[PDB]
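**Student:** Handing you this structure, nothing more for now.
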Amino acid sequence: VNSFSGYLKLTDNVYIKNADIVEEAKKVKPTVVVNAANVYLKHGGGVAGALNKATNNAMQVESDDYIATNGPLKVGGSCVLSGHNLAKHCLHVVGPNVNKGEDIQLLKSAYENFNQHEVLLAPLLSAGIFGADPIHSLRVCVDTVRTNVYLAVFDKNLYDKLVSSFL
Ligand SMILES: O=C(N[C@@H]1c2cccc(O)c2C[C@@H]1C(=O)O)c1ccc(Nc2cccnc2)cc1
């Protein structure tokens, strides 16, 4: 039993809700919140900008030190940093950004990072301003992630479309 509330169950291990991931993180305080990161951990907009704003820019400060030490992430890769006031940990995961021409096959590699964590609160990778089809992202999530994932979808219209089209 965990504290995630109001989710629709899609599969044995994948759950989905129309929710603001920032508000959901603040209420649940999950062990792991996933950020829709880029390779530079520059959290300017979309989910990343929202999460970073909620940390009063502490996520960005920590991220800049991480990059200065380690260099950029790989597309499809991840790193674990602090969850600040939102979660114990933040798993920064880089899905391919279609508006940069990155290979969408890398989306499966991106979701594989979730398997290193037993339970996660997450957005749909590569959705939103990353330009991929969210229906496709949900399919890859279901077919790749084996650990317990609670997906937060900000847009109600998109949430309803994802549920209604789910196979
Ligand atoms: O980018 C965001 N979502 C994407 C989006 C947006 C629109 C249509 C879409 O299909 C998608 C897919 C993505 C998703 O749903 O994950 C997002 C989520 C929460 C948020 N929280 C917040 C907002 C304002 C101030 N502070 C915190 C901000 C942005």
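Here's how to read the names in the structure tokens: chain A, B, ... by the order shown, residue numbers from 1 in each chain, ligand numbers from 1 in the order shown.
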Throw together the list of residues within 12 Å of ligand 1, counting only C-alpha atoms and all ligand atoms, and drop it here as a PDB file with C-alpha atoms, in the first residue's frame.

**Tutor:**
```
ATOM      1  CA  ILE A  16      -2.411   7.513 -14.420  1.00  0.00           C
ATOM      2  CA  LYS A  17      -4.084  10.692 -13.132  1.00  0.00           C
ATOM      3  CA  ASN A  18      -5.010  14.142 -14.393  1.00  0.00           C
ATOM      4  CA  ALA A  19      -2.807  16.121 -12.029  1.00  0.00           C
ATOM      5  CA  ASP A  20      -0.152  18.805 -11.761  1.00  0.00           C
ATOM      6  CA  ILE A  21       3.027  16.854 -10.976  1.00  0.00           C
ATOM      7  CA  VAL A  22       4.235  19.747  -8.800  1.00  0.00           C
ATOM      8  CA  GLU A  23       1.105  19.668  -6.644  1.00  0.00           C
ATOM      9  CA  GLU A  24       1.141  15.891  -6.590  1.00  0.00           C
ATOM     10  CA  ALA A  25       4.780  15.805  -5.451  1.00  0.00           C
ATOM     11  CA  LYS A  26       4.144  18.345  -2.700  1.00  0.00           C
ATOM     12  CA  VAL A  34      10.918  12.134 -12.343  1.00  0.00           C
ATOM     13  CA  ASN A  35      11.939  15.332 -14.105  1.00  0.00           C
ATOM     14  CA  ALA A  36      11.611  15.773 -17.869  1.00  0.00           C
ATOM     15  CA  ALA A  37      15.213  16.942 -18.122  1.00  0.00           C
ATOM     16  CA  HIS A  43      15.203  23.592 -16.251  1.00  0.00           C
ATOM     17  CA  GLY A  44      13.677  26.500 -18.235  1.00  0.00           C
ATOM     18  CA  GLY A  45      10.144  25.298 -19.039  1.00  0.00           C
ATOM     19  CA  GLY A  46       7.654  22.499 -19.294  1.00  0.00           C
ATOM     20  CA  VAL A  47       7.721  20.060 -16.403  1.00  0.00           C
ATOM     21  CA  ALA A  48      11.345  20.915 -15.577  1.00  0.00           C
ATOM     22  CA  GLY A  49      10.756  24.608 -15.259  1.00  0.00           C
ATOM     23  CA  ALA A  50       7.696  23.932 -13.113  1.00  0.00           C
ATOM     24  CA  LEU A  51       9.538  21.569 -10.751  1.00  0.00           C
ATOM     25  CA  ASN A  52      12.516  23.901 -10.499  1.00  0.00           C
ATOM     26  CA  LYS A  53      10.302  26.925  -9.762  1.00  0.00           C
ATOM     27  CA  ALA A  54       8.652  24.957  -6.948  1.00  0.00           C
ATOM     28  CA  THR A  55      12.128  24.408  -5.403  1.00  0.00           C
ATOM     29  CA  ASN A  56      12.823  28.179  -5.469  1.00  0.00           C
ATOM     30  CA  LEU A 121       5.852   9.716  -9.708  1.00  0.00           C
ATOM     31  CA  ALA A 122       6.491  10.742 -13.316  1.00  0.00           C
ATOM     32  CA  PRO A 123       5.359  12.708 -16.364  1.00  0.00           C
ATOM     33  CA  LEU A 124       5.103  11.173 -19.810  1.00  0.00           C
ATOM     34  CA  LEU A 125       8.605  11.360 -21.251  1.00  0.00           C
ATOM     35  CA  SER A 126       9.127  13.370 -24.436  1.00  0.00           C
ATOM     36  CA  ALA A 127       5.564  14.766 -24.225  1.00  0.00           C
ATOM     37  CA  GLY A 128       4.654  18.442 -24.012  1.00  0.00           C
ATOM     38  CA  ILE A 129       7.365  20.769 -25.295  1.00  0.00           C
ATOM     39  CA  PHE A 130       9.579  17.777 -26.160  1.00  0.00           C
ATOM     40  CA  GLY A 131       7.297  17.245 -29.153  1.00  0.00           C
ATOM     41  CA  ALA A 132       6.519  13.517 -29.130  1.00  0.00           C
ATOM     42  CA  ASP A 133       3.057  11.995 -29.360  1.00  0.00           C
ATOM     43  CA  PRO A 134       1.908  11.402 -25.745  1.00  0.00           C
ATOM     44  CA  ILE A 135      -0.134   8.350 -26.789  1.00  0.00           C
ATOM     45  CA  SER A 137       4.943   7.802 -24.930  1.00  0.00           C
ATOM     46  CA  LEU A 138       2.327   6.054 -22.785  1.00  0.00           C
ATOM     47  CA  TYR A 150       2.286   6.867 -11.175  1.00  0.00           C
ATOM     48  CA  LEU A 151       1.872   9.117 -14.216  1.00  0.00           C
ATOM     49  CA  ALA A 152       0.681  12.699 -13.777  1.00  0.00           C
ATOM     50  CA  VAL A 153      -0.853  14.301 -16.874  1.00  0.00           C
ATOM     51  CA  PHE A 154      -1.375  18.054 -16.535  1.00  0.00           C
ATOM     52  CA  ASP A 155      -3.853  18.568 -19.384  1.00  0.00           C
ATOM     53  CA  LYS A 156      -7.346  17.199 -18.702  1.00  0.00           C
ATOM     54  CA  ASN A 157      -8.188  16.972 -22.401  1.00  0.00           C
ATOM     55  CA  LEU A 158      -5.020  14.974 -23.010  1.00  0.00           C
ATOM     56  CA  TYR A 159      -5.627  12.773 -19.968  1.00  0.00           C
ATOM     57  CA  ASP A 160      -9.089  11.838 -21.254  1.00  0.00           C
ATOM     58  CA  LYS A 161      -7.673  11.098 -24.710  1.00  0.00           C
ATOM     59  CA  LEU A 162      -4.908   8.913 -23.229  1.00  0.00           C
TER      60      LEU A 162
END
```

**Student:** Can you check which residues of chain A DSSP gives as helix (DSSP H, G or I) on the backbone and send them as JSON, numbers by chain?

**Tutor:** {"A": [21, 22, 23, 24, 25, 26, 27, 28, 46, 47, 48, 49, 50, 51, 52, 53, 54, 58, 59, 60, 61, 62, 63, 64, 65, 66, 67, 68, 69, 70, 98, 99, 100, 106, 107, 108, 109, 110, 111, 112, 113, 114, 115, 116, 128, 129, 130, 134, 135, 136, 137, 138, 139, 140, 141, 142, 143, 144, 156, 157, 158, 159, 160, 161, 162, 163, 164]}

**Student:** Would you kindly return, as number ranges by chain, each protein, DNA or RNA residue with an atom no farther than 12 Å from any atom of residue A:70, considering only C-alpha atoms and excluding same-chain residues fewer than 4 positions away?

**Tutor:** A: 39-41, 63-66, 74, 79

**Student:** For residue A:167, which residue among A:57, A:38, A:10, A:116 is the nearest when counting only C-alpha atoms?

**Tutor:**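 Of the candidates, the smallest distance to residue A:167 is held by A:10.
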
**Student:** Let me make sure I understand: among A:73, A:107, A:81, A:119, which one has the smallest atom-to-atom distance to residue A:140 if we use only C-alpha atoms?

**Tutor:**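 Going through A:73, A:107, A:81, A:119 one by one, the smallest distance to residue A:140 is for A:107.
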
**Student:** Smallest atom-to-atom distance to residue A:147: which of A:120, A:32, A:86, A:80, using only C-alpha atoms?

**Tutor:**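 Checking each of A:120, A:32, A:86, A:80 against residue A:147, counting only C-alpha atoms, the winner is A:120.
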